[PDB]
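S.K.: Quick one: the structure is below, questions incoming.
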Amino acid sequence: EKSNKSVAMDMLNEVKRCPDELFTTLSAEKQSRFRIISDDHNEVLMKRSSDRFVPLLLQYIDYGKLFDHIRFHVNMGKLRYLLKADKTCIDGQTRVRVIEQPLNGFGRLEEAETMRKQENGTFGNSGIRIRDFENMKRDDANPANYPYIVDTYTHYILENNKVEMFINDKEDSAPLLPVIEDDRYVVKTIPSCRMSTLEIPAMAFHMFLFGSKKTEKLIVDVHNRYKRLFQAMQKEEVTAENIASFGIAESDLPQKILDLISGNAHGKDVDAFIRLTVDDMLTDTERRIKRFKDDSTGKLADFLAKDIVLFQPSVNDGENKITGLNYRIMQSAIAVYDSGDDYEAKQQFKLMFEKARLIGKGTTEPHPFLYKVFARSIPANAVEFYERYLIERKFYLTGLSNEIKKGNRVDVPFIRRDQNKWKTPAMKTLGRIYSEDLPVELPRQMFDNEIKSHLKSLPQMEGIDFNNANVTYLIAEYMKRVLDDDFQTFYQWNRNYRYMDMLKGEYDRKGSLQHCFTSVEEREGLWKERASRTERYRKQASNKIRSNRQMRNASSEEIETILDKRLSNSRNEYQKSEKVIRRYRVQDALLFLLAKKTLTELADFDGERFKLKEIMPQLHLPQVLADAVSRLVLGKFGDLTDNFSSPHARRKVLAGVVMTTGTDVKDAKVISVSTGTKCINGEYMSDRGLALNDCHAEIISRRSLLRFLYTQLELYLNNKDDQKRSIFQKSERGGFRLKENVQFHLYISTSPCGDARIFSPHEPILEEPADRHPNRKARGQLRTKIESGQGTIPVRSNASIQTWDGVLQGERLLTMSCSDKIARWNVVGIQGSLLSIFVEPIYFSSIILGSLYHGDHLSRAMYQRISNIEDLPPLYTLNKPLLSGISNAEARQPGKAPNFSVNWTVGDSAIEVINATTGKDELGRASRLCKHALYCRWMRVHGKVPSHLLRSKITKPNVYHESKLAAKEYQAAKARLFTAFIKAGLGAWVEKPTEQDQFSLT
RNA sequence: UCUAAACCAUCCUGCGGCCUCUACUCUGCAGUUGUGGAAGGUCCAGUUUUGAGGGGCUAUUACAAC
RNA sequence: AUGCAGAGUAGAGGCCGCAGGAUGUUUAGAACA
Ligand SMILES: O=P(O)(O)O[C@H]1[C@H](OP(=O)(O)O)[C@@H](OP(=O)(O)O)[C@H](OP(=O)(O)O)[C@@H](OP(=O)(O)O)[C@H]1OP(=O)(O)O
Ligand SMILES: [Zn+2]
């Protein structure tokens, strides 16, 4: 419920808040001063969400009953009627068609509101039901539910910075509500006259000085002068001789009246306009063609729908052109169009434009060039359609330009020669339009002369030049000189503007332009000096762009244009903002004055003292198995090195493989043990397969496990009694398979280099969450050890393939990281290609780290990154082994990393010591683990296996690479793996030069 | 066996400048035709702290018709 | 309502530039089996 008192209090609570335009310019400290704590201990931003000056003033006049005759334009809801429940649209789909009309009228907000909603819930004297606000079925298709009126509280219509009003002849007139006819037409009333919202401060000021009745008489008198003028025009009784008699200043007459009496009445030149429009549009078309080739279908469809309708010829008062619903459908249809080169879908898309009568035979108003878009072929999607549309537009406009250049007359659909725009205006015709068809446009400065005459009589105003004094100025002088008041303190606070930053030309040490907060006095002075200061600004700013590495310095236009737009936009933003804030000041003065007047005359209140200046705002237990394998590997190593005393007992990384045959830890056997941290030097690659390429422990321990597997196949093939002791058995699928209970577990002293280690090279502080950046592209990426360099490096940075001659000259040899190699084992198996011709894929059940264990990283590295692996050949799978750290992590081994690498397989009398730099032992002899040795074992086993018992029966020559290729399924699993990594965007595997595996056994 | 210096080019943590996606909130705009530039919005340069003028360009407010 | 544009806030990335740590080689010295 509003009242005189409530409006007064709404005004005072308006002026304590910061205007939004001001708030933007203030320092954080001063912005903080509007953030208030309420009574109920709640923080409130005391900032204006909109300029409510004008509605507040209208409420003041209405509730005050201050105008006897003038009533403001109110809206009281919308009428909705159902035109058709089943309307076939241009896409041939049926939709409801609802039409809305606003219920606009004139009266005091309270009186109009009392009329709007009857007790029976109907609108005014219409009979038509007002639908409850909670009911929101806008798509409702039931004719019985229509017509209805949307429930909306009476508000003033305040659009386009205008206030529209109706002048009643008699006082105490009732609200003027629109009549509804045929449950369909809302019969509305042209306003008497329309006032700029920028005129409302002067009206308020006039009201405050003279009284609302004197204010009202003036508006009505001005209105009646315009009406008398427009009546005389219709009688052709307006001349240069008598124009002054109408009582309206030249600057408040339309130019056409001034042209007409001066004998200079003219239309615009349509041909010039056509020539200009065609050229402008051709240029724009080429701009759009270029931008698109250089570079949202929604954005495309917006352009296309507007343009298609622009080029649609109008006939019959425009009744033929595309209507609202069909427009929305056309635009949306385009936005989502994407056939798939489906013929029917293409036909359907073309048909839409046929039904809109834009293309096709028998069309009378076709689009001039759209049909060319569909000549030869229908475009497949919105993007193809936009391109073809623009090309065809270019050809059409070029044709027109060429005809214009020949001096010929051309016509475009959207320029219409019959519009008055192009004809000479007539007095009598124009008289009628001004009198009958439109509201009177009230002039600016209508209250100025009266305001100034009053103020001239006040002795406090004696020393002001009223010949250079606008009403904004005079309100402020009134507050200061008659009332000893001033604006709110926050209009003196320093403000920030980009434009003023540029003009001040102040940079911080990094080189960025500083945000200054200036006073109004400072800005006055910067503005005076803007020419010089703009020169300086541009010089520096151009260098900043020119210093940037991108090369656009040869072109002259590029930079100057960028800066032109920068300075224009900034300058315009600053000027408008400053002008508007100056309006907020005097608006606030007026609200304060009016509110204070209301409250003074209400109750025991002595408010003369108050001033605006004062206003302010599970088979095993994980850890048991982990610690078992850890102690057993470490222990077997301690045995082989004479209690870690032996010459080669020094190690940095240690690894090993443990076999389990059952849950009994008295059934755990150490299969192999190894140490090493280096890879071969490039000069020492062996084309006979006699060197070890990678001596990182875990890699060596797998190779030792291969030896053990060979030994077991031989044990089985030796004799029947031995078959019982061998871990292998025949498979019904052909070849050999492990016994049901048999499992292998890998143990490494430390995380495998690469994805499991690079990000987390330190021991986790326990209970720590995963890495804070798990989505970086670095994560999961394949990595290589790089020859003669530290760290493990993405494969993407070395895309080329490795060549033998290349490495030899000094290209650095790349070896896949241990993380990548073990993930590979978790797909293709640990046995490798050659054993896969005899045995079924074998996987590690567990990977156990003695230090540097990060499950988040280890799991990603070991399998998670390639969970998108598909089409694995039979018996292959993405193995997910038990991952675990140990109970008591190992200490950093002290000293420098030995250049040697130690191996041992179960059954061996001694360890073997290899120089990782050379791939060979101290005396330069080949390893029992080298390619050649393993090929030798493989050849002997091959000779002993009856050909019916082979998993792969492919026969190839006895070259290592060929023999590996015999393992067709394994190679296919390897291809699945590589594709998994690539498709996950983790880079392509790097292999050795193809010469590496091209040797025979002598 | 221990220590010092240098290189390789990635990774982590923090701080700047620039560009994108995801989620949430708010505002603006969204058929054609006719009339109308006194008004509202926009731009130009010896323009204003004074919603005041000047010169170029513009149908947004409203009305009826479909 | 739905779609298109603009602004704000938080998160996650990409590029450019700084500071401090982490991670296979090269050049020396001391000392030892
Ligand atoms: O990881 P490593 O133990 O060092 O050995 C492997 C193994 O080669 P060898 O068993 O012949 O030593 C791979 O062969 P498979 O057993 O999986 O069949 C081979 O891959 P290819 O099959 O493609 O030859 C790969 O070499 P690369 O991947 O570099 O081509 C090579 O690793 P290294 O090259 O690092 O020794
Ligand atoms: Zn490694």
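If you're wondering about the labels, chains in the structure tokens are A, B, ... by order shown, residues count from 1 in each chain, ligands from 1 in order shown.
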Using only C-alpha atoms (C1' of nucleotides), determine which residues of chain A fall within 6 Å of chain B; present them as a PyMOL selection string.
M.R.: chain A and resi 160-161+252-254+317-319+321+323-324+327+441+470+473+759+789
S.K.: Please return as a ChimeraX atom specification: the residues of region 805-978 of chain A that backbone DSSP assigns to helix (DSSP H, G or I).
M.R.: /A:805-809,818-828,832-835,855-862,864-866,931-944,947-949,960-965,968-978
S.K.: Give me, as a Markdown table, each residue of chain A that comes within 12 Å of chain C, together with its shortest interatomic pair and the distance in Å at one decimal, counting only C-alpha atoms (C1' of nucleotides), with rows ordered by chain and rising residue number.
M.R.:
```
| residue | atom | partner | partner_atom | distance |
| --- | --- | --- | --- | --- |
| A:136 | CA | C:1 | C1' | 9.0 |
| A:137 | CA | C:1 | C1' | 9.3 |
| A:138 | CA | C:1 | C1' | 7.6 |
| A:139 | CA | C:1 | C1' | 8.9 |
| A:296 | CA | C:4 | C1' | 10.0 |
| A:297 | CA | C:4 | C1' | 10.5 |
| A:298 | CA | C:4 | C1' | 6.9 |
| A:299 | CA | C:4 | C1' | 7.0 |
| A:300 | CA | C:4 | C1' | 10.4 |
| A:301 | CA | C:4 | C1' | 9.8 |
| A:302 | CA | C:4 | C1' | 7.7 |
| A:303 | CA | C:4 | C1' | 10.7 |
| A:328 | CA | C:3 | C1' | 8.9 |
| A:329 | CA | C:3 | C1' | 10.8 |
| A:331 | CA | C:3 | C1' | 9.6 |
| A:332 | CA | C:3 | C1' | 8.0 |
| A:333 | CA | C:3 | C1' | 11.8 |
| A:335 | CA | C:3 | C1' | 10.0 |
| A:336 | CA | C:3 | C1' | 11.7 |
| A:510 | CA | C:17 | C1' | 10.5 |
| A:548 | CA | C:16 | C1' | 10.3 |
| A:549 | CA | C:16 | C1' | 10.4 |
| A:647 | CA | C:33 | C1' | 11.4 |
| A:677 | CA | C:24 | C1' | 9.6 |
| A:678 | CA | C:24 | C1' | 8.0 |
| A:679 | CA | C:24 | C1' | 9.6 |
| A:680 | CA | C:24 | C1' | 11.7 |
| A:681 | CA | C:24 | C1' | 11.2 |
| A:753 | CA | C:23 | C1' | 10.7 |
| A:754 | CA | C:23 | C1' | 11.5 |
| A:757 | CA | C:23 | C1' | 10.3 |
| A:758 | CA | C:23 | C1' | 8.2 |
| A:759 | CA | C:22 | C1' | 9.5 |
| A:760 | CA | C:22 | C1' | 9.4 |
| A:761 | CA | C:22 | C1' | 7.3 |
| A:762 | CA | C:22 | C1' | 8.5 |
| A:772 | CA | C:12 | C1' | 11.1 |
| A:773 | CA | C:12 | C1' | 8.9 |
| A:774 | CA | C:12 | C1' | 10.0 |
| A:775 | CA | C:13 | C1' | 7.8 |
| A:776 | CA | C:13 | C1' | 7.3 |
| A:777 | CA | C:13 | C1' | 8.8 |
| A:778 | CA | C:13 | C1' | 11.8 |
| A:785 | CA | C:24 | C1' | 8.8 |
| A:786 | CA | C:24 | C1' | 8.0 |
| A:787 | CA | C:24 | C1' | 7.3 |
| A:788 | CA | C:25 | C1' | 5.2 |
| A:789 | CA | C:24 | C1' | 4.4 |
| A:790 | CA | C:24 | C1' | 4.2 |
| A:791 | CA | C:23 | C1' | 5.8 |
| A:792 | CA | C:23 | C1' | 9.2 |
| A:793 | CA | C:23 | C1' | 11.8 |
| A:812 | CA | C:24 | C1' | 11.9 |
| A:896 | CA | C:24 | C1' | 11.8 |
| A:897 | CA | C:24 | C1' | 10.2 |
| A:899 | CA | C:24 | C1' | 11.2 |
| A:917 | CA | C:24 | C1' | 11.5 |
```
S.K.: If the limit is 9 Å from any atom of ligand 2, counting only C-alpha atoms (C1' of nucleotides) and all ligand atoms, which residues qualify? Return them as a PyMOL selection string.
M.R.: chain A and resi 676-678+694-699+751-754+785+816-819+821
S.K.: What's around residue 45 (chain B) at 12 Å? Count only C-alpha atoms (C1' of nucleotides), leave out sequence neighbours fewer than 4 positions away in its own chain, and write the answer as number ranges by chain.
M.R.: A: 531; B: 54-55
S.K.: Would you list, as a ChimeraX atom specification, the residues of region 85-277 of chain A that end up in strand (DSSP E) under DSSP run on this structure's backbone?
M.R.: /A:85-88,94-106,130-131,148-150,155-156,162-167,179-181,185-187,193-196
S.K.: With only C-alpha atoms (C1' of nucleotides) as the counted atoms, please give the residues lying no more than 12 Å from residue 450 (chain A), apart from itself and same-chain residues fewer than 5 positions off, as a ChimeraX atom specification.
M.R.: /A:202-203,205-207,209-210,214-215,218,445,455-457,471
S.K.: Pull C-alpha atoms from the residues just selected and write them as an mmCIF file, in the first residue's frame.
M.R.:
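Writing the result to again19.cif gives the following:
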```
data_model
loop_
_atom_site.group_PDB
_atom_site.id
_atom_site.type_symbol
_atom_site.label_atom_id
_atom_site.label_comp_id
_atom_site.auth_asym_id
_atom_site.auth_seq_id
_atom_site.Cartn_x
_atom_site.Cartn_y
_atom_site.Cartn_z
ATOM 1 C CA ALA A 202 12.460 21.088 -14.650
ATOM 2 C CA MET A 203 8.751 20.227 -14.225
ATOM 3 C CA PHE A 205 11.449 22.269 -9.995
ATOM 4 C CA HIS A 206 8.613 24.396 -11.463
ATOM 5 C CA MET A 207 6.120 22.483 -9.301
ATOM 6 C CA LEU A 209 8.513 26.927 -6.933
ATOM 7 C CA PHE A 210 4.991 27.671 -8.241
ATOM 8 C CA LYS A 214 0.307 26.329 -12.098
ATOM 9 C CA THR A 215 2.632 23.619 -13.433
ATOM 10 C CA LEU A 218 1.519 25.449 -18.355
ATOM 11 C CA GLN A 445 12.922 23.837 -21.791
ATOM 12 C CA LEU A 455 14.593 33.103 -9.378
ATOM 13 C CA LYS A 456 15.537 36.545 -10.776
ATOM 14 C CA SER A 457 13.135 38.020 -8.156
ATOM 15 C CA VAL A 471 17.956 24.470 -15.099
#
```
S.K.: Please determine, counting only C-alpha atoms (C1' of nucleotides), which residue among A:765, A:504, A:528, A:770 has the shortest atom-to-atom distance to residue 46 (chain B).
M.R.: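 Ranking A:765, A:504, A:528, A:770 by distance to residue 46 (chain B), first place goes to A:528.
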S.K.: Need to verify the contact set: region 58-60 of chain A, 12 Å, only C-alpha atoms (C1' of nucleotides), exclusion of same-chain residues closer than 6 positions in sequence. Can you return it as a PyMOL selection string?
M.R.: chain A and resi 1-11+52+66-67+70-74+107-110+154-158+163-165+197+200-201+203-204+207+212+590-591+594-595+597-598
S.K.: Identify, on the basis of only C-alpha atoms (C1' of nucleotides), every residue whose closest approach to residue 27 (chain B) does not exceed 12 Å; exclude the query and any residue fewer than 5 positions from it along the same chain; express the result as a PyMOL selection string.
M.R.: (chain A and resi 49-50) or (chain C and resi 5-8)
S.K.: Generate the output file for the selected residues, N, CA and C atoms (P, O5', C5', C4', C3', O3' and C1' of nucleotides), as a PDB file, in the first residue's frame.
M.R.:
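Wrote out-v3.pdb, looks like this:
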```
ATOM      1  N   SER A  49      19.428   0.164  -8.127  1.00  0.00           N
ATOM      2  CA  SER A  49      19.343  -0.855  -9.166  1.00  0.00           C
ATOM      3  C   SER A  49      18.830  -0.244 -10.471  1.00  0.00           C
ATOM      4  N   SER A  50      18.107   0.884 -10.370  1.00  0.00           N
ATOM      5  CA  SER A  50      17.687   1.661 -11.525  1.00  0.00           C
ATOM      6  C   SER A  50      17.419   3.100 -11.098  1.00  0.00           C
TER       7      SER A  50
ATOM      8  P     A C   5      25.380 -15.290 -29.423  1.00  0.00           P
ATOM      9  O5'   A C   5      25.255 -13.808 -28.826  1.00  0.00           O
ATOM     10  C5'   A C   5      25.604 -12.669 -29.661  1.00  0.00           C
ATOM     11  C4'   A C   5      25.272 -11.376 -28.951  1.00  0.00           C
ATOM     12  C3'   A C   5      26.118 -11.013 -27.724  1.00  0.00           C
ATOM     13  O3'   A C   5      27.360 -10.413 -28.079  1.00  0.00           O
ATOM     14  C1'   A C   5      23.815 -10.642 -27.259  1.00  0.00           C
ATOM     15  P     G C   6      28.677 -10.574 -27.166  1.00  0.00           P
ATOM     16  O5'   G C   6      28.311  -9.693 -25.879  1.00  0.00           O
ATOM     17  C5'   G C   6      28.424  -8.247 -25.959  1.00  0.00           C
ATOM     18  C4'   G C   6      27.917  -7.609 -24.686  1.00  0.00           C
ATOM     19  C3'   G C   6      28.642  -7.967 -23.383  1.00  0.00           C
ATOM     20  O3'   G C   6      29.884  -7.286 -23.231  1.00  0.00           O
ATOM     21  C1'   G C   6      26.297  -7.968 -23.033  1.00  0.00           C
ATOM     22  P     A C   7      31.096  -7.915 -22.376  1.00  0.00           P
ATOM     23  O5'   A C   7      30.561  -7.755 -20.875  1.00  0.00           O
ATOM     24  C5'   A C   7      30.501  -6.429 -20.287  1.00  0.00           C
ATOM     25  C4'   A C   7      29.798  -6.480 -18.951  1.00  0.00           C
ATOM     26  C3'   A C   7      30.432  -7.356 -17.864  1.00  0.00           C
ATOM     27  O3'   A C   7      31.550  -6.723 -17.250  1.00  0.00           O
ATOM     28  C1'   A C   7      28.084  -7.692 -17.901  1.00  0.00           C
ATOM     29  P     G C   8      32.799  -7.568 -16.690  1.00  0.00           P
ATOM     30  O5'   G C   8      32.171  -8.222 -15.371  1.00  0.00           O
ATOM     31  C5'   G C   8      31.861  -7.365 -14.239  1.00  0.00           C
ATOM     32  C4'   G C   8      31.088  -8.136 -13.195  1.00  0.00           C
ATOM     33  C3'   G C   8      31.786  -9.349 -12.571  1.00  0.00           C
ATOM     34  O3'   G C   8      32.720  -8.954 -11.572  1.00  0.00           O
ATOM     35  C1'   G C   8      29.527  -9.886 -13.091  1.00  0.00           C
TER      36        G C   8
END
```
